[PDB]
Amino acid sequence: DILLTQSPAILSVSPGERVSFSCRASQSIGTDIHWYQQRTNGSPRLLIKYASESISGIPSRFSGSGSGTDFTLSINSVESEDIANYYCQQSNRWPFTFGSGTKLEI
Amino acid sequence: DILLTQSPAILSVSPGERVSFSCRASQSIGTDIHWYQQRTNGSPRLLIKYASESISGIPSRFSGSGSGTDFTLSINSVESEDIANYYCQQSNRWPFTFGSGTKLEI
Amino acid sequence: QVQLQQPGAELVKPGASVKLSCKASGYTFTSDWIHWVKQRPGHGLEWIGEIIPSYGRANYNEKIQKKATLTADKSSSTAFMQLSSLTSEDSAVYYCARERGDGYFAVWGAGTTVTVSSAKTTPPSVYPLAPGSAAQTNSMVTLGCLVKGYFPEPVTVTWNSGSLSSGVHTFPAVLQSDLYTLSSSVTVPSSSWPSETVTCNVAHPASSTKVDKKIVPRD
Amino acid sequence: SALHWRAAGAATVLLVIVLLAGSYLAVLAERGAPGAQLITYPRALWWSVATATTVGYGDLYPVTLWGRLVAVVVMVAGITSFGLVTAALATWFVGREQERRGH
Amino acid sequence: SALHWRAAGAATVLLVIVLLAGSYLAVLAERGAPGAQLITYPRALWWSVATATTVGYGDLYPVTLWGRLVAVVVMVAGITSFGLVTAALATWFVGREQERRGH
Ligand code: NA
Ligand code: NA
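For the record, the sequence lines run as chains P, Y, H, D and B.
Note that this note's numbering has the first sequence beginning at -3, numbered continuously upward.
Note that this note's numbering has the second sequence beginning at -3, numbered continuously upward.
Note that this note's numbering has the third sequence beginning at 806, numbered continuously upward.
Note that this note's numbering has the fourth sequence beginning at 102, numbered continuously upward.
Note that this note's numbering has the fifth sequence beginning at 102, numbered continuously upward.
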């Protein structure tokens, strides 16, 4: 079971700035990681698959970085619509595991 | 020689609750680990073989979790008969080694 | 189009069992995996299980107690989750997700808000909220409607059947004596109302009730 | 279209099916075992290719019984194929050597 | 029931015995060496299968002399078998090519 650790818990940033959410795995997992956005009352939404690869429909502001244990989700020009919880999810070994989550605040 | 570490030493819990004993190995051992129950004056009794696999005759309350270095033994609805020392034992590399032990208290 | 469909809410008595459904349209391959995720109020996401519908083999999270048992109907493309002997710790939103067998869960379900309590199902009481004749307005006018006396969560509130969306706040419910209570507000240009009709749509899936109420000025 | 050339083509065609089925079966067998790495179809595919060519990379190997049985089937099919090509090649060269000496 | 088909079957039968004995012997040789991984029978079995197919996974390999001698015996038996099948296959194809030209 891979332990994922998202630090810090709550992240506050200025509007229009760049932001970065970090997710660290308990052991090396390559690039087998996926990011999800979840707003209030809504269901989880896939942002970035396999560390860096982008999903169509997702804003070009979102971009993924990192390999091994250190992984980063970054947003350029943070706007109101980005206020949400953010989750990292690994797929390297069974079973699949999620991070604790990181809340974005503007 | 694989070092096994059982934290904490003494574990106290309410009756009917879920409990969890952790056993950490000095290095990655996969799933090659086994749990034993030993009451007062009695001899060791096998609970869970190979991390999760159950032995017949053993209560369905007992279930094993974990892979790599982090391993967990869990009991649902802890009752009087469960008060004992609990030992984890690895079989990944020679020689076989035991944990320090964890005593359950109600 | 919406791929995965789940019932909104499910009420269960403590100790009793419940089956949760999840049907899927669109591309439904043989290689597809339907997972189930648990989310407690104000908590993170928790993987519970997975099942391949074409073969029926299921896998469960052994870290937490195996409360669930997964089955799937082939002809209807629907996956099921049988949960039994539920406590207050089981009161959570349960999602189902489609995984192409390549790690990520591409499309998610709405979620089933399961509440474990002995109390009975109560339909909501919807009352409109119009500004008092004493109070004035400017360029914008704020309206609303009250939702009270219902059990359990949740309720879906939209304005003019969801067509009106910009400037709407739906406040979280408060629990008092086995009954929830919340409010939703809407801010429209002063010129529009009430010459143009404004109506909040409240849906309560647990009682299978949907009610509408048009906002009209006080006498 | 001689036997050995027919058989080699059949072996190559068969191998690809064994690879594809092998990837699919690996995933279905491995999922459920804690720590299992062969849990995604594209990963299992390249695992199969490696395994069919008798190549192993690190700890990229099945942990379950059936998963390891799949591995055996993949391996055998792999060796049989690349052994059958050699046999087919040998038959072609010996046939021409018979023509070379006018035999 | 020609020689090459008899010999291949004999090689395959023999290989399985070499595998089983090889698993058993590995465990008996490895236990005693500190850090040795080939200390359980089911593990040594799949080690043997890998080793017979000339596949090595990470550091899943014997550390003792006799353990490594067992490995040599397993390897040789493995290659001999899958070399004998090819030889048997080649004999079958060349025989049919002789029939193909009416020779
Ligand atoms: Na090799
Ligand atoms: Na290797």
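All C-beta atoms in this analysis are idealised placements derived from N, C-alpha and C, irrespective of residue type, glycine included.
* To do: Using the beta-carbon of each residue, find all residues closer than 7 angstroms to any heavy atom of ligand 1 and list them in chain order.
  => Those residues are D:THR155, D:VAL156, B:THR155 and B:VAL156, given in chain order.
* Asked: If you check the beta carbons only, do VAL962 (chain H) and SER989 (chain H) fall under 7 angstroms apart?
  -> In contact: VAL962 (chain H) and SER989 (chain H) (Cβ atoms closer than 7 angstroms).
* To do: For chain Y, find out if any of its Cβ atoms is closer than 7 angstroms to the Cβ of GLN199 (chain B); answer yes or no.
  => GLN199 (chain B) is outside the set of residues whose beta carbon lies under 7 angstroms from a beta carbon in chain Y.
* Through-space distance from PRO933 (chain H) to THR892 (chain H), alpha-carbon basis -> Their backbone Cα atoms lie some 37 angstroms apart in a straight line.
* Asked: Got a sec, what are the start and stop residues for the beta strand (DSSP E) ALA1008 (chain H) sits in?
  -> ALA1008 (chain H): member of the beta strand (DSSP E) spanning 1004 to 1009, first to last residue.
* Indicate whether at least one CB of chain P lies closer than 7 angstroms to the CB of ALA137 (chain D). => Chain P, which has a Cβ nearer than 7 angstroms to the Cβ of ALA137 (chain D), makes this yes.
* To do: Quick one: grab the DSSP three-state call for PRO143 (chain D).
  => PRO143 (chain D): helix per DSSP, three-state reduction.
* Under a CB-based cut-off of 7 angstroms, is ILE140 (chain D) close to chain P? -> The C-beta of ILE140 (chain D) comes closer than 7 angstroms to at least one C-beta of chain P.
* Can you find a C-beta in chain H that's less than 7 angstroms from the C-beta of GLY38 (chain P)? -> Not one chain H Cβ lies under 7 angstroms of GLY38 (chain P).
* Rounded C-alpha distance that separates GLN23 (chain P) from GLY53 (chain Y) -> Spanning the two alpha carbons is a distance of roughly 36 angstroms.
* To do: Would you list the one or two residues that DSSP bridges to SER70 (chain P)?
  => DSSP output for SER70 (chain P) lists P:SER16 and P:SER59 as bridge partner(s).
* Asked: Pairing CB atoms from the region 110 to 127 of chain B with CB atoms from the region 164 to 180 of chain B, are three or more of them under 8 angstroms?
  -> Result yes; three or more Cβ-Cβ pairs closer than 8 angstroms.
* Asked: Excluding the five sequence neighbours on either side, which residues of its own chain have a C-beta within less than 6 angstroms of the C-beta of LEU987 (chain H), listed in chain order?
  -> Only residues of its own chain outside the window of five on either side were considered, and among them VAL952, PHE976 and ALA978 have a CB closer than 6 angstroms to the CB of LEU987 (chain H), listed in chain order.
* Asked: Where do the N-terminal and C-terminal ends of the beta strand (DSSP E) with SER8 (chain Y) fall, by residue?
  -> Looking at the DSSP string, the run of the beta strand (DSSP E) that includes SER8 (chain Y) is 6 to 8.
* To do: With DSSP collapsed to three states, give me the class of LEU891 (chain H).
  => Under the three-state reduction of DSSP output, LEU891 (chain H) falls in the coil class, being neither helix nor strand.
* Assess, as a yes-or-no matter, whether the region 880 to 894 of chain H is touched by the region 16 to 33 of chain P under the definition of 3 or more beta carbon pairs within less than 8 angstroms. => Judged by Cβ distances under 8 angstroms, the region 16 to 33 of chain P makes no contact with the region 880 to 894 of chain H, as fewer than three pairs qualify.
* Asked: Does any C-beta atom of chain H lie closer than 7 angstroms to the C-beta of residue 106 (chain Y)?
  -> Examination of residue 106 (chain Y) is not possible in this model, given that chain Y is present from -3 through 102 alone.
* For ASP878 (chain H), write down the residues that DSSP places opposite it in a beta bridge. => Its beta-bridge partners are H:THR883.
* Determine the chain D residues that contact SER48 (chain Y) at a beta-carbon separation under 8 angstroms, and present them in chain order. => Here the neighbours are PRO135.
* Neighbour list for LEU190 (chain B) in chain D, Cβ cutoff strictly below 7 angstroms -> The answer, in chain order, is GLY184, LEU185 and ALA188.
* To do: Provide the residue span of the beta strand (DSSP E) that contains residue 1027 (chain H), from first to last.
  => Nothing can be reported for residue 1027 (chain H), as the shown portion of chain H is limited to 806 through 1024.
* CA-to-CA distance, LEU115 (chain B) to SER124 (chain B), given in whole angstroms -> Here the C-alpha atom of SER124 (chain B) lies approximately 14 angstroms from the C-alpha atom of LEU115 (chain B).
* If contact means a Cβ-Cβ distance below 9 angstroms, which residues of the region 63 to 80 of chain Y contact chain H? -> Answer in chain order: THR68, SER70 and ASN72.
* Kindly indicate the opening and closing residues of the alpha helix (DSSP H) around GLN199 (chain B). => If you look at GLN199 (chain B), you'll find it in the alpha helix (DSSP H) that goes 166 to 201.
* To do: Give a yes or no on whether the C-beta atoms belonging to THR187 (chain D) and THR155 (chain B) are separated by under 7 angstroms.
  => No; because the gap between Cβ atoms is not below 7 angstroms, this pair is not in contact.
* Asked: DSSP state of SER76 (chain P), grouped into three classes?
  -> Three-state result, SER76 (chain P): helix.
* What residues in its chain sit with their C-beta under 6 angstroms from that of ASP1017 (chain H), if we drop five residues either side in the sequence? -> Excluding sequence positions up to five before and after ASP1017 (chain H), its CB lies within less than 6 angstroms of the CB of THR1004 and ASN1006, all in the same chain and listed in chain order.
* **Three-state secondary structure (DSSP) of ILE44 (chain Y)** => The answer is strand: DSSP assigns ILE44 (chain Y) an E or B state.
* Using the Cα positions of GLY203 (chain B) and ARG107 (chain D), report the straight-line distance between them to the nearest angstrom. => When rounded, the distance between both Cα atoms is 19 angstroms.
* To do: List the DSSP bridge partners of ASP1017 (chain H).
  => DSSP output for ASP1017 (chain H) lists H:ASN1006 as bridge partner(s).
* Could you pull out every residue in the same chain whose Cβ sits closer than 8 angstroms to the Cβ of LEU984 (chain H), ignoring the five residues on either side in sequence? => The residues are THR927, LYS953, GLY954, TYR955 and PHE956.
* Asked: If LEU7 (chain Y) sits next to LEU100 (chain Y), beta carbons under 8 angstroms apart, how far is it from one beta carbon to the other, in whole angstroms?
  -> Correct: roughly 6 angstroms between the Cβ atoms.
* Asked: Taking DSSP as the reference, what is the three-state secondary structure of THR835 (chain H)?
  -> Coil, per DSSP.
* Could you tell me whether any non-hydrogen atom of ligand 4 is closer than 6 angstroms to the CB of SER990 (chain H)? => This structure does not include ligand 4; its bound ligands are ligand 1 and ligand 2.
* How many whole angstroms separate the CB atoms of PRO994 (chain H) and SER944 (chain H), which I take to be in contact at a CB cut-off of 8 angstroms? -> That pair is a contact at about 7 angstroms.
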